[PDB]
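Nothing fancy with the numbering, it's 1 onward along the sequence. Counting convention: from 1, in listed order, for ligands and their atoms alike.
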Amino acid sequence: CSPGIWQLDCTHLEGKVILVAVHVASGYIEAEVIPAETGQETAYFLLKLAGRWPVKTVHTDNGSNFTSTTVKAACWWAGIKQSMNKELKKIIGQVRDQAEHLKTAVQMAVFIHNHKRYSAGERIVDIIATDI
Ligand SMILES: Cc1nc2c(cc(C)n2Cc2cnn(C)c2)c(-c2ccc(Cl)cc2)c1[C@H](OC(C)(C)C)C(=O)O
């Protein structure tokens, strides 16, 4: 699909919130454990994401995620416009006993996902370089 398209969703595990961004064309994932499903957290995550990748458009499965003034401010400033979550919960479960904190097991799972086999990590850089 278009190389600027991302999907963002918030999942739940162990009483905490995981925000999951998927680069649609590639399957590459960037995830983070957040204190609460708040618009401040979504806005901050979108500023970080957009500084690292050319984010053009963002989709979500919960449109109310994007209603806060603060999320709209982040999209305004960065020039943003408007399944993989169970493959990620699968990998998290496999490595969970190897980390104390869930946040650590999440980043391990992102690592495993992105480098598994090309890999999602390799596809996203190919797709984006080719576009340039
Ligand atoms: C809380 C913690 N303490 C750790 C490690 C490793 C070590 C020696 N210590 C100190 C320790 C634990 N027990 N003893 C007998 C000593 C780790 C860790 C580092 C790299 C990976 Cl890949 C996975 C875990 C984490 C990890 O947290 C971090 C990533 C630091 C926020 C986690 O959440 O487990």
Side-chain angles (χ1 to χ4, degrees):
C1 70
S2 157
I5 303 174
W6 288 79
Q7 173 115 359
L8 270 64
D9 297 308
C10 274
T11 35
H12 307 263
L13 197 64
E14 305 172 22
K16 295 180 179 72
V17 172
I18 314 168
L19 207 176
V20 180
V22 192
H23 181 247
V24 178
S26 73
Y28 166 101
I29 284 174
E30 218 178 291
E32 205 96 44
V33 172
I34 64 175
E37 271 199 18
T38 81
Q40 290 200 351
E41 295 297 330
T42 300
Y44 185 66
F45 183 97
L46 277 163
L47 286 174
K48 283 191 293 99
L49 180 70
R52 293 148 181 65
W53 303 100
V55 184
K56 274 62 202 272
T57 60
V58 179
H59 192 220
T60 183
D61 279 352
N62 182 346
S64 84
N65 279 333
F66 291 168
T67 63
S68 81
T69 308
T70 73
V71 170
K72 310 220 191 95
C75 292
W76 170 81
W77 189 86
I80 306 172
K81 318 295 146 56
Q82 197 165 356
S83 294
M84 279 267 117
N85 282 235
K86 302 310 183 189
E87 178 52 42
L88 193 61
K89 288 179 130 153
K90 180 181 127 183
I91 299 165
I92 285 168
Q94 300 166 353
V95 307
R96 187 68 190 86
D97 56 26
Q98 322 183 12
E100 174 181 351
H101 305 300
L102 174 61
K103 72 184 190 180
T104 302
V106 175
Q107 301 312 328
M108 285 165 90
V110 165
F111 182 107
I112 288 156
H113 174 77
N114 283 336
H115 299 147
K116 192 149 62 181
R117 293 197 178 178
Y118 288 76
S119 63
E122 288 158 344
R123 284 188 302 267
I124 184 171
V125 294
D126 179 72
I127 290 167
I128 300 283
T130 298
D131 196 46
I132 293 164

How about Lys90: does its NZ atom have over 12 heavy atoms from other parts shown lying under 6.0 Å from it? no
Looking at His101, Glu100, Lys103, the heavy atom closest to atom 34 (O) of ligand 1 belongs to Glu100
NZ/NE/NH1/NH2 to OD/OE distance under 4.0 Å, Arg96 and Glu14: yes
Show your working on side chain to side chain donor-acceptor pair (under 3.5 Å) between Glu37 and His12 and close with a plain yes or no. CA-CA 10 Å; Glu37 271 199 18; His12 307 263; 3.0 Å; yes
Contact check: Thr104 vs ligand 1, nitrogen or oxygen atoms, below 3.5 angstrom: yes
Electrostatic pair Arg117-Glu122, nearest N-O below 4.0 angstrom: yes
Under 4.0 Å and counting heavy atoms only, is there anything from the protein next to atom 12 (C) of ligand 1? no
Atom indices of ligand 1 within 4.0 angstrom of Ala99 heavy atoms, with elements: 34 (O)
Counting only N and O atoms by type, is there a donor-acceptor contact under 3.5 Å from the side chain of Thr70 to the main-chain atoms of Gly39? yes
Got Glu32 and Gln107 here, is their nearest side-chain heavy-atom distance under 4.5 Å? yes
Atom 26 (C) of ligand 1: protein heavy atom closer than 4.0 Å? yes
Protein heavy-atom contact under 4.0 Å for atom 15 (C) of ligand 1? no
Short check: is a protein heavy atom less than 4.0 Å from atom 30 (C) of ligand 1? no
